[PDB]
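Single-letter residue listing:
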Amino acid sequence: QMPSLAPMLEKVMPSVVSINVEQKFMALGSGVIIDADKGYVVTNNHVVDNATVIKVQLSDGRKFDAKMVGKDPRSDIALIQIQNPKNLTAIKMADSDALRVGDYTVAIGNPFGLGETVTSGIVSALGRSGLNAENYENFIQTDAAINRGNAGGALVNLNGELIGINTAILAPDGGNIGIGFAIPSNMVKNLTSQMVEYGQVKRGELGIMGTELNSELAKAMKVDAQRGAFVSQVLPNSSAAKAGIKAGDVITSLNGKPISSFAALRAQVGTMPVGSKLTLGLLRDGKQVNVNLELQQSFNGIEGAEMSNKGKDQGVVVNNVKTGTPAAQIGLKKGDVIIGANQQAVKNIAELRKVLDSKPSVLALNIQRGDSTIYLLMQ
Amino acid sequence: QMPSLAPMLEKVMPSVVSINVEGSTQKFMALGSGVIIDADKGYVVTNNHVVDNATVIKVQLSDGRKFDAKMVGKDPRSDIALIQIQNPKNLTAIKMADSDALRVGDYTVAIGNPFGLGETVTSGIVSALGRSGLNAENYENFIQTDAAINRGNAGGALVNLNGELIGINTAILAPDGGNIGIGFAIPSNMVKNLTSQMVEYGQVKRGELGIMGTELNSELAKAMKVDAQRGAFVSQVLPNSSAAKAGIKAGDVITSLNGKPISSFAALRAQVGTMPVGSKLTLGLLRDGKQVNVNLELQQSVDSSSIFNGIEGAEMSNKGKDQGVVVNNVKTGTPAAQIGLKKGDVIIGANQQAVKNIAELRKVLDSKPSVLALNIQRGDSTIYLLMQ
Amino acid sequence: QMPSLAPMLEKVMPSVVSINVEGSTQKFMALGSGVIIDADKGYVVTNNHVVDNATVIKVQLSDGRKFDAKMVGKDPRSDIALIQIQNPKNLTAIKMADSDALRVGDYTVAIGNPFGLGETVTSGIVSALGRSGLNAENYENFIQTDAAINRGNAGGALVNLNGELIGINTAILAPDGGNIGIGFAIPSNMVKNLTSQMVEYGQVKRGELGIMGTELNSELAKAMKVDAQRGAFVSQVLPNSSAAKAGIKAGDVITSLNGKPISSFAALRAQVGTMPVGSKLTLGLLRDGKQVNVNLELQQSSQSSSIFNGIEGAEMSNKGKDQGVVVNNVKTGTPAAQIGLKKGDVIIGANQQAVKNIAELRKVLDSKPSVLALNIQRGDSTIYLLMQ
Amino acid sequence: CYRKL
Amino acid sequence: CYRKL
Amino acid sequence: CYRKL
Amino acid sequence: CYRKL
Amino acid sequence: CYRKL
Amino acid sequence: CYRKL
């Protein structure tokens, strides 16, 4: 009687695939099915970007065809949808936050195109980042063998539950040296499900600026922790400000979970959708501050200026324009009142909508800068 | 109290050996490892590329004892050889296992001698099954393992957690020549078969079925309205062959072999090319929707590239009632083309040698003469023709 | 509820650290890893070669707590350093394990800071035991592991499944600067024995057996009719030696150490090359196949970077009764060539201080004035040498 | 390519 | 080097 | 010392 | 680019 | 090549 | 060569 992974893999290999993409290059890679009925496969953006055609090949041989659904080069998750899908198998999600260093992991992919290959390992570490400076990364690190083409693959725990998506490895020679990274499930869950509802990743930000907290700062500012998130300035009029986070604060926990580094938290919340609420654990003057927040963005308006009605049927008013915006480049200034556009007397923003919804190549606005009568031109 | 592989490796490791081999051509020394199949006889299986072109072969057991051992057989079309020991005394044999039970998920423990360090053990799992195509010519049904394997691991054992031999490791995939999580092993059931042919015959009785085919992709099953996506599409059914005798249809797809599914053609092609000329096996089919399983037998297949020895250009056989060798071959631009061997011309032979058959030629060619000059005659014209 | 290393790694991982040294030869900085041996003292063990040329050494804890550390010593002959944490508070020390209980096939977990990433964990198995012969100078008895180990895993921990230290990770065999599945680590008992001397003395007391010898291969075993194919062969025994007293003659084959089988001479060398002077030990040996046992202890061995902490060119020999800082070895082109003095003769008179013993140097050698003035008596004459 | 069996 | 988040 | 996959 | 060893 | 690390 | 323990 010998233990084996073949019972767990028998149920899980159907949910991983191989993907092929096609001056013009032809790409290898791996993806994983999220929704059997609709045929959603997730993978890394760096295999399915610049894709003329997307050809998915399941575990059994069946090639299919897929189209793009969303993309997110900042975290490197991209979603495709299989066309005309029949008899698909969806992998079961796992909650990454239950991962611990020392756990066992299985990496399924399509390395070097050879075919669906399985490789075992353990959780080398968690919360790794700093390899791509301008990138959201909260990587799971595994010593499970992973090579070219295994990207967008599956990292599942011993129960076949998806804990993460294999992404990048550190390897000077171009072959795995025992250091393989993966994006956690919980981030993939947040990024994929956003691409289905909205098509893109809408990831507004709360308004903290700041930098990593090093053990040297612990001494200088009487801070009990050596790893966290230090708040330089809070943006004004942002959620971070409204919630009462101040300069000189230290962030220690996200939703009760501790933080590894500012670069990780910067990624965990970079994948959360707009308006998500959360609770941070702060540290001001060595005392625990718990906050509650809500993310914020980065008709009844226009590209650069804000238009509201005024009076009965008289016309819409530009109430403020920010300098440098497109609507300030076209010349609209504070106080202008639009009575007609393209020989069409306008009242409300609704008669202006249908006129604007014609999407004409030119806009002649019969505004009233002060007491005078002028025309303004846009597009 | 811990888990460990030590109890299994404690009893299996004496059955894995190191191999140091010396060739004479250019002369070289090469490193490797082997597996003791038979204790008394001393049959030690190894890789063919490990042991070819070798004047002196010495085997070093797991103990530290150095032996001598000459060849018993070889087969470079599937990369398996066999050797046997000088004075085999108190050896230990490995236990074979059925490679046809392995699944993608089982744990594997590799053994061998990388970089001549000695007997090193590695742990891993069966990464995938039925791997072929990395070298298109030879028979490949490789077990893929992430167990670490490097230079000199070849001929080493790959054994499951009981220590039963499930494979002989033969290749890796390494862009820098260092293991990066891909090992390739030939299954023990292909190995047991060729170790079984090299004992009784001394060579391999190249079996022949009588079909042709090509790998069934997912495209063919769409239009051919075939249910399965991976199989073997029997394009050509050769006539008067033992294959055709079973009623093998044109346009079928073989999907079963001993009730065991089939990964790929080049795997099924490989799975069959490792068998004796008089074996009997079953094949599951799929003609129009009926899975008709048919028994079968293989029938025979005398190569002449072994008479060339570097000047191979074309195919020469035997004519009539040994009137002479044969030149049906018509090749241009080959190593046997600048020397003007055209069609329809064999004679007696070279250096005053009566050559009327392929064997009579081989009697005296292999006396290694400095220069050899044929006697071939085209039409009525008796000519000569010189080599070396 | 699946098997996992995480519950064991919860407690042991704090005992693993990362070290970051700066120094001179220049300018350079490099990184390694370390293992907390004594919690209350601040005793970190590491690899000597990550510690060479060290001005300032800053450990970093697993939780991000940074510290400072001064050396307690070094051992360039076994590549084991040891260091002392400055102002250590609330540390955790890792438990040891008996390397004499390790068998090939047991499970291992490698901990370090590879590539400056952080505390990275890898698992593997004991690939083999007692690998050595990578550099003749050093006493090595390494453990081979397939656990991934890379640059910065230096002086890391390698542990069994109960979190008990078995090895200090030292070197990898990898042609292309990246782990290919071979890792080497100094066993625990060796690290335990060496560190133990490094606490009391800040140096290692080298005690010798007084025997010469060489590796016994199976071809010499044919020569002497000895039934052992590996072992330790005895060339000659020195007079007035602990071994010569015991009854060791030329022509004996050492087969065991304290009852434990012997893997090689290189291991026998490295194993007792570390034990402190006067350590009792039993040896099993083979004289004409009559398997004779004997016991003995070690005696003293008899016949710069120990003090300089930066330049290992010269070699401070024994002080002497009146003399001091005698030296018996130096290489041409060393940092002991810019200085002016040579191996052939040396004493002391530093900075107009009547000084003779190596300890009396450092009470001014640590004072670090702007300018140093040696005063050896090269030959029969008096001279001086200046510095800084 | 063409395949023989 | 301060990064907004 | 910078790579991606 | 497959190496055999 | 052997690598010390 | 020849080494001395």
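Residues numbered from 1 in each chain as written, not as in the entry; some residues may be left out. Chains lettered and ligands numbered in written order. Part of a larger assembly, values for the part shown. Heavy atoms only, no water. Residues with missing side-chain atoms left out of burial classes, pairs and counts.

Method of structure determination, per the deposited record: X-ray crystallography was used for this entry, reaching 4.2 Å resolution.

**Side note on unusual backbone geometry**
Residue and element names in this part refer to chain C. Under the convention used in this document: Strands here mean DSSP runs of E at least two residues long; helices mean DSSP runs of H or I at least four residues long; both are numbered from the N terminus.
In the segment running from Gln26 into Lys27, the intervening peptide bond is cis, with an omega of 5 degrees. Among the structural elements, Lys27 can be located in the loop between β1 (16–23) and β2 (28–38). In this model, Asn53 sits at a positive phi of 60 degrees, which is unusual for a non-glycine residue. Tracing the backbone shows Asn53 in the loop between α2 (48–51) and β4 (56–60). Positive phi is not limited to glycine here, since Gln388 has a value of about 50 degrees. Among the structural elements, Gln388 can be located in the segment after β22 (385–387).

**A few points about helix α3 (residues 185–197) of chain A**
Residue and element names in this part refer to chain A. Here is the rule: Given a helix with a known number of residues, its expected span is that number minus one, times 1.5 Å. When a residue's accessible area, from a 1.4 Å probe over protein chains only, is under 20% of the maximum for its type it is buried; when over 50% it is exposed; and in between it is partly exposed.
Between its first and last C-alpha, α3 extends 18 Å over 13 residues, near the 18 Å set by a 1.5 Å rise per residue. Within the span of α3, buried status applies to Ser185, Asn186, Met187, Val188, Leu191, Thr192, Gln194 and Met195. Once α3 finishes, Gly199 follows within two positions and takes phi at roughly 85 degrees, a positive value.

**Thoughts on the interface of chain C and chain H**
The test is simple: The contact rule is simple, with two residues in contact once any of their heavy atoms fall within 4.5 Å. In this classification, the charged set is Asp, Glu, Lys and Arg, the nonpolar set is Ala, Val, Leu, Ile, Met, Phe, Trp, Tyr, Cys and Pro, and all remaining amino acids, among them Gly, are polar. Only when DSSP finds a minimum of two bridges between them are two strands counted as paired.
The interface is formed by 14 residues belonging to chain C together with 5 residues belonging to chain H. The biggest single contributor to the side of chain C that touches chain H is strand β11 (residues 165–173) of chain C, with 4 residues. Split by residue class, the side of chain C that touches chain H holds 8 nonpolar, 5 polar and 1 charged. Pairing analysis gives 3 bridges linking β11 of chain C to strand β1 (residues 2–4) of chain H, with the strands arranged antiparallel.

**Focus on the pairing of strand β12 (residues 183–187) of chain C**
Residues and elements named next belong to chain C. Across the 5 residues that make up β12, a large majority, 5, are buried. Relative to β12, β11 runs antiparallel, the two being bridged by 5 bridges. Residue pairing in the sheet places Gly167 in a bridge with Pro187 of β12.

**Concerning the pattern of salt bridges**
Worth spelling out the cut-off: Salt bridges are counted wherever a side-chain nitrogen of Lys or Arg sits within 4 Å of a carboxyl oxygen of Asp or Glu.
Tallied over the entire structure, the rule returns 28 salt bridges over all chains. In this structure, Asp336 of chain A and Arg369 of chain A form a salt bridge, with 3.1 Å as the shortest nitrogen-oxygen distance. Placement of the pair is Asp336 of chain A in the loop between α7 (326–329) and β21 (337–338) and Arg369 of chain A in the loop between β23 (363–366) and β24 (376–378), with a sequence separation of 33 residues. Residue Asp336 of chain A is classed as buried on the basis of its relative accessible area, which comes to 1%. Put simply, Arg206 of chain C and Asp75 of chain C hold a salt bridge, and the shortest N to O gap is 3.1 Å. You can see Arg206 of chain C sitting in the loop between α3 (188–200) and β13 (207–208) and its partner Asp75 of chain C sitting in the loop between β5 (68–73) and β6 (81–86), a full 131 residues away along the chain. Taken as a pair, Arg206 of chain C and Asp75 of chain C share a single burial class, namely buried.

**Focus on the interface of chain A and chain B**
The cut-off we apply is this: Once two parts are brought into contact, the accessible area they lose, counted with a 1.4 Å probe and summed over both, makes up the buried area. Here a polar contact is recorded for every N or O atom pair within 3.5 Å, except that within protein the pair must consist of a potential hydrogen donor and a potential acceptor, and residues adjacent in sequence are included only if both atoms are side-chain atoms.
Each partner contributes residues to the interface: chain A has 29 residues there, and chain B has 28 residues. Carbon and sulfur atoms make up 56% of the area that chain A and chain B hide from each other, which totals about 2200 Å². For chain A, the biggest contributors to the area lost against chain B are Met2, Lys63 and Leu114 of chain A; these three give 22% of the whole. For the interface between chain A and chain B, the tally reads 3 salt bridges. Note that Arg103 of chain B and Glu10 of chain A form a salt bridge whose closest N and O atoms lie 3.3 Å from each other. If you look at where chain A meets chain B, you find 14 residue pairs in polar contact. Here the side of chain A that touches chain B is composed, by residue class, of 11 nonpolar, 11 polar and 7 charged.

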